[PDB]
Structures are given as C-alpha cells and as structure tokens.
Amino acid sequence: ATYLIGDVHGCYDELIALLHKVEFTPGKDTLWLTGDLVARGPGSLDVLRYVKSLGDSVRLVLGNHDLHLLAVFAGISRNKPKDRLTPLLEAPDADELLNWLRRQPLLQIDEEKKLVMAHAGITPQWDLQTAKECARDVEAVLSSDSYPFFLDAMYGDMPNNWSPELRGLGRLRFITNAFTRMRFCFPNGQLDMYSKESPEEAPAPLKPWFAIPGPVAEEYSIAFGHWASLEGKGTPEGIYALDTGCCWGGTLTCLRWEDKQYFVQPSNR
C-alpha cells in the first residue's frame, strides 16, 4: 500500500504510532512524506535516522525547515533554540544524515497514480515539464559541493512571478519559494510571501494557490504539506493538504492512496 504523511517536525513518537496503526511494512508498502521532517518537535534526530533507513520505501520532498537545517549545519544561518536541532547537529552521524538529506528531491511524480508531491504545492504558473526542470535545477545545486553558497543565496522574497526568462539568483529563489513556502497567490498567479493564515482569514484579493486553475492540477492529483493554518481542510477534489499541525498540538495525518482513507494520530504535546 501507499501512505502519505504530512509535516512531521520532529514528532517521532507520533510518526511511529501512526505507522504502527496502519502496520506499515517496508518492501510491501511505500511512504510519501511532504517534508519538514525536522524542527520544533523533540525528535528530529530520530526522524532523520528512521526516514534515511527506509531507502526506496520512502519518497520524500524537502521543505523550508529541512533547508534551514542544512543552512545551519553549513554555518550559513544561526540556530534558533526553539527549533530544538542541537541533538541532531551534535550527533556523531550528523554529516551522514545531512549529506543524505540535501540529496533528496523537491518534487515527486508517480505517473501510474497520476500523483504529484511537493512541500508547498505546485504554483499554477508552472506546467509539469517546467516544474520538473526547476526541481532538477535546485536539486543539482543542493547535491553539489557548493550547496552552502546556494543556501545563502536562497533567502529572499523576490521575484514572485515566474518567467522562463528568469536567470541566476532570481530564478533559484523563485523556484525555492514556489516549492517550499508558497500559500497564497494573486489572481495572475503571483506569489505572496507574507500571509500564513487560513483562506477564510486572508485579505482579498489573495486566493490559495490551489484555487487558481493550473495545468498540473488539471491532470494530476497534488499532495502537499507546509500550510498548517489550512488544517487540511477546504481543498478542491484532487488536492490533498496533509499538514494538520502535529508539532503545534494538532494531529499527524496519514492518507492511504488506494482507498483515500485517512488515519490520524493526536499530538502528544
């Protein structure tokens, strides 16, 4: 079977309890994870160890907190105590774990399931081929010996409008924001980088990225995490918001793809 789980955020105990509830069996089952495996919850170290150990039985996409962790590890960004990353950063296998983490995709595609996963979703300004190329471009930088320079460049909120003409720093920053930070769009598809509230509490004319018809969403289902204030609710058919805020005292949600059945694990917090 195929299981999809939203943002874990170091909530290792809840992740394992949820997987035991469905009797997840590597080799027979496959787990998809929407990213943000680390930070806020207490068990980032254990989560990375476990997910890395799954090998081909897990399909991960990186989120914004995974990238921030990489930036801290490389000395590009300062550690925040509230992220609770020190045990992971100080672990004897930190290098092995983070060098594995930075080689993971930004985007997962399964044609037989007609299923696409990214941390924040797929901007309506992208078709599938563009999304694939952009993912490949950023993944190439992250898996290279020079990834600290990319991480340092990634921070920034502009440009917020896609063009095949974008080059250099602006192109990479847009790709990163689209994959790992996007929530709301302007009517033309342009990204807003400030509102993090629920669709009902947002100011006009902002709309959820998934409320704007885009070519990927017309052909494929899309699963994503990231947007906790959405609470996994209010999406159209074919759009699956899996982040229900476990690390915030909400729940960890698992979706079995074959029957679209939900399984939920309450936060221990």
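All residue numbers refer to positions in the sequence shown, first residue = 1.
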> Looking at the deposited entry, does 190-198 or 172-180 carry the larger mean Cα B-factor?
Replying inline: 190-198
>> Test of understanding: from the entry's C-alpha B-factors, which stretch has the higher mean, 238-246 or 208-216?
In response: 208-216
>> Sorting 60, 230, 54, 48 by Cα temperature factor from the record, which one lands on top?
In response: 230
>> According to the Cα B-factor stored in this entry, which of the following is highest: 161, 99, 86, 104?
In response: 161
> Going by what the PDB entry lists, where does residue 131 fall on CA B-factor within its chain: lowest, middle or highest third?
Replying inline: middle
> In terms of the CA temperature factor given in the entry, to which third of its chain does residue 113 belong: lowest, middle or highest?
Replying inline: middle
> Among the modelled residues of its chain, does the C-alpha B-factor of residue 225 lie in the lowest, middle or highest third?
Replying inline: lowest
> Which third of the chain does residue 142 land in by C-alpha B-factor: lowest, middle or highest?
Replying inline: middle
> With respect to C-alpha B-factor, does residue 120 fall in the lowest, middle or highest third of the chain as deposited?
Replying inline: lowest
